[PDB]
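A.B. asks: need a 3D model of the following:
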Amino acid sequence: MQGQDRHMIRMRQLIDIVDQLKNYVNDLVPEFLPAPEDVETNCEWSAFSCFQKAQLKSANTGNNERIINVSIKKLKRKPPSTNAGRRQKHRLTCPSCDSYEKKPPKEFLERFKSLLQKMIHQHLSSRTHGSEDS
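C.D. replies: Numbering: from 1, shown residues only. Dropping the coordinates below:
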């Protein structure tokens with residue numbers, strides 16, 4: 001009906017900033033950024049950090065540089081406590097974070113935002129499950 005969950009703000013925000021910074025791809029510097037591809041049910045969390053240390057850097061050439069800083073802030077969002085479990089995990093254990101291969105910013109973003117709305121989202125409520133193309 002009405003209201004705005006605190007958590008949600010983050011979620012949407014994450015996807016927002018992502019899409020926001022994305023729109024400014026022209027201000028995206030190509031660097032080795034960690035992007036967790038396909039994370040365990042309860043891994044995305046441990047991966048959510050891989051998107052933090054990633055450090056979104058803009059081409060910084062004048063345009064959407066300072067603005068990008070708006071995406072970085074959000075992008076650099078902290079996970080829900082620790083990262084993956086506190087008391088020797090629980091639901092299940094997950095491997096390290098920085099393990100997969102790096103990728104570009106355009107992708108790192110198009111992926112991060114997805115990874116979020118992928119698990120994080122559902123993490124709250126499924127909502128018509130069925131996503132797959134490639």
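A.B. asks: report the central residue of the chain.
C.D. replies: The residue lying closest to the centre of the chain (CA atoms, centre = their mean) is residue 112, at 3.5 Å.
A.B. asks: residue 92 against residue 42, yeah?
C.D. replies: Yes - the criterion here is CB atoms under 8 Å, and residue 92 meets it with residue 42 at 5.4 Å. For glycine as for every other residue, the C-beta is placed from the backbone atoms N, C-alpha and C.
A.B. asks: these two - which one has more neighbours?
C.D. replies: residue 42 (17 against 11; other CB atoms under 10 Å).
A.B. asks: residues touching the more buried one, list them.
C.D. replies: 84-85, 91-92, 94 (CB atoms under 8 Å, 6 or more residues apart in numbering).
A.B. asks: try it again at 10 Å.
C.D. replies: Going by CB atoms under 10 Å, 6 or more residues apart in numbering, residue 42 touches 84-85, 89-94, 119, 123.
A.B. asks: confirm that it lies within a strand, as I assumed.
C.D. replies: No - counting by DSSP: H, G, I helix; E, B strand; the rest coil, residue 42 is not found in a strand; it is coil.
A.B. asks: not counting sequence-adjacent ones, nearest residue to residue 72?
C.D. replies: Closest residue to residue 72 in three dimensions, ignoring its sequence neighbours and counting by CB to CB, 6 or more residues apart in numbering: residue 56, at 5.3 Å.
A.B. asks: which elements pack onto the longest helix that the chain contains?
C.D. replies: In the chain, assigned by DSSP state H, the helix with the most residues is helix 6-23. Applying 3 or more CB pairs under 10 Å, 6 or more residues apart in numbering; DSSP states H and E, we find helix 6-23 packed against helix 65-75, helix 105-115, helix 121-124.
A.B. asks: and for residue 92 and residue 42, which residues touch both?
C.D. replies: 84-85.
A.B. asks: separation between residue 98 and residue 26?
C.D. replies: Distance, residue 98 to residue 26, by CB to CB, to the nearest Å: 28 Å.
A.B. asks: er, residue 104 I mean
C.D. replies: In terms of CB to CB, residue 104 sits 13 Å off from residue 26.
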